[PDB]
Each structure stands twice: as C-alpha cells, then as structure tokens.
A.B. asks: 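Have a look at this one.
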2 protein chains.
Amino acid sequence: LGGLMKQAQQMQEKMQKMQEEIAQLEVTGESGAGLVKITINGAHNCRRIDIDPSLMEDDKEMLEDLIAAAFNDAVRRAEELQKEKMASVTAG
Amino acid sequence: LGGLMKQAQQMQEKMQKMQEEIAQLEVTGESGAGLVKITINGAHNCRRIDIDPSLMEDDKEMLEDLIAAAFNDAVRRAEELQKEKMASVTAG
C-alpha cells in the first residue's frame, strides 16, 4: 500500500472524486404540475428548460414565477440527491 | 474567555455563521445583454426573474435557452461572490 498518511491522503482524494461524480447526475425540478420543468446537475448547472407552450401567451409575470419555482424545486431535489447518493455509496 | 478547545469551537461556529451570512447576499445573472436577468442568493434560491417582453413572442426554444444561460451566469457570479467576500472578510 504505502503507509498511513498516504492511505489517508488517498481516502480524501477518492472521497472528493466520488462527491464530484455524484454532482454530475441530473435532477429535474418542476412547478405547476409540470408546467415548467428544469434540469440541473449537482453543481447547479442548468442543462435544459421545458416551458409549456400555454405559458407563452399570458402575463410574463406568471411565467417568471413558475420558472423561479421550478428552479428552487430542482435545487432542493439536487440537494436531496447529493445526500442520499453519498449515504448510499458509504454503505456503512 | 474559556480555554483553547472552547475558543476553537467558537471560531468554527462563527466561521460557519459568516459563511451563511455571505450566502444570503444576492447576485443577478443575465443572458442576451440583459434580455433575461435572474436573481439568486448564495444557497442558489431564485428570488426573481425578469424576462424581456420581446421574448414572449417567438420560439419558446430561444427563451428556454436564454433562461438556462441566465441561471448559469447567476450561479458563476454567486460562486465568485462567496469566494471574494470570504477572502475580504478574512483580512489576512
């Protein structure tokens, strides 16, 4: 192997590597029962947004409200995934 | 004061408290030279979104693209602020 400090080193680097991997998965938040769906990863990078055509027609204030709600939902789901997947990976 | 372990304790709690405070500030990301402006805080909570009326009229694909770009811009600005404000606060 390589000694205790080296093993300790590595555990730290591998733990970091697994956190970054986990952070690459995507979650899709939504608002309005699917009216707006937003996909982000663990780093909170927004990958795609799907706006229901019906929303393109009325107050832009409502669409803005739904978009903000969808993003906040995606962020909460992303946070829940980081926690859940880490706990799962560290089977102990 | 209270001993070294207690002082150490406190430094940790106060450091955490300052990070949470910093994370309450807002940044406004944008795409399209202001076509879409999105405001988020350090926790990445979306507070407001301002969509240019002109975008309500064409392909929803373009609006989606601009919204995703605005959010990613806000996230990069939020990350830059956390780093900058912390470095500033820790005047040393």
Side-chain angles (χ1 to χ4, degrees), chain A residues 12 16 19-86, chain B residues 12 16 19-86:
Chain A
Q12 293 298 55
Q16 186 168 331
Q19 250 171 16
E20 292 158 13
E21 193 181 291
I22 293 172
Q24 304 277 357
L25 300 174
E26 290 174 2
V27 295
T28 297
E30 66 76 28
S31 66
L35 274 175
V36 174
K37 301 177 187 69
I38 297 182
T39 303
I40 71 172
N41 61 10
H44 298 348
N45 186 70
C46 181
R47 299 236 28 217
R48 32 205 191 275
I49 295 184
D50 182 345
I51 296 166
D52 185 78
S54 96
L55 299 182
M56 293 304 277
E57 325 175 82
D58 283 286
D59 213 324
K60 81 188 177 81
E61 185 200 343
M62 289 304 309
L63 174 57
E64 289 168 341
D65 289 344
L66 289 175
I67 294 159
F71 187 77
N72 294 336
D73 186 57
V75 174
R76 288 193 277 277
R77 295 182 174 239
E79 296 176 327
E80 193 41 45
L81 176 165
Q82 314 306 295
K83 165 191 260 277
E84 184 283 287
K85 294 287 180 192
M86 193 47 86
Chain B
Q12 293 298 55
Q16 186 168 331
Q19 250 171 16
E20 292 158 13
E21 193 181 291
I22 293 172
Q24 304 277 357
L25 300 174
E26 290 174 2
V27 295
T28 297
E30 66 76 28
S31 66
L35 274 175
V36 174
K37 301 177 187 69
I38 297 182
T39 303
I40 71 172
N41 61 10
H44 298 348
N45 186 70
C46 181
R47 299 236 28 217
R48 32 205 191 275
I49 295 184
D50 182 345
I51 296 166
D52 185 78
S54 96
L55 299 182
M56 293 304 277
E57 325 175 82
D58 283 286
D59 213 324
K60 81 188 177 81
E61 185 200 343
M62 289 304 309
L63 174 57
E64 289 168 341
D65 289 344
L66 289 175
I67 294 159
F71 187 77
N72 294 336
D73 186 57
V75 174
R76 288 193 277 277
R77 295 182 174 239
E79 296 176 327
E80 193 41 45
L81 176 165
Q82 314 306 295
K83 165 191 260 277
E84 184 283 287
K85 294 287 180 192
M86 193 47 86

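Throughout, a chain's letter reflects where its sequence line sits, starting with A, and its residues are numbered from 1.
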A.B. asks: Look at A:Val36, A:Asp50, A:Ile38, A:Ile51 and state which one has the largest set of heavy-atom pairs under 4.5 Å with chain B.
C.D. replies: A:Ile51
A.B. asks: Heavy atoms only, distances under 4.5 angstrom: which of A:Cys46, A:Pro53, A:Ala68 has the most pairs with chain B? Name it, please.
C.D. replies: A:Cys46
A.B. asks: Under 4.5 Å heavy-atom distance to chain A, tell me which part of B:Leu55 shows up: side chain, backbone, both or neither.
C.D. replies: backbone
A.B. asks: Quick check on B:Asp58 against chain A: is it the side chain, the backbone, both or neither that has a heavy atom closer than 4.5 Å?
C.D. replies: backbone
A.B. asks: Mind ranking A:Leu63, A:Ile49, A:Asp65 by heavy-atom pairs under 4.5 Å with chain B and telling me who comes out on top?
C.D. replies: A:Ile49
A.B. asks: At a heavy-atom separation under 4.5 Å, does B:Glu79 approach chain A through its side chain, its backbone, both, or neither?
C.D. replies: side chain
A.B. asks: Which distance, rounded to the nearest 0.5 Å, do you find between the NZ of A:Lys37 and the CD of B:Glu64?
C.D. replies: 10.5 Å
A.B. asks: Looking at B:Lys85, I want to see if its NZ is surrounded by more than 12 non-hydrogen atoms of other residues, nucleotides or ligands under 6.0 Å.
C.D. replies: no
A.B. asks: Between chain A and each of B:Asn72, B:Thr39, B:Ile67, count heavy-atom pairs under 4.5 Å; write down the option with the most.
C.D. replies: B:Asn72
A.B. asks: Identify which part of B:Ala69 has an atom lying under 4.5 Å from any heavy atom of chain A, answering side chain, backbone, both or neither.
C.D. replies: neither
A.B. asks: Let me confirm one number: the NE2-NE2 distance from A:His44 to B:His44, rounded to the nearest 0.5 Å.
C.D. replies: 5.0 Å
A.B. asks: Counting only heavy atoms from other residues, nucleotides and ligands, does the tally under 6.0 Å from CZ of B:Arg47 exceed 12?
C.D. replies: no
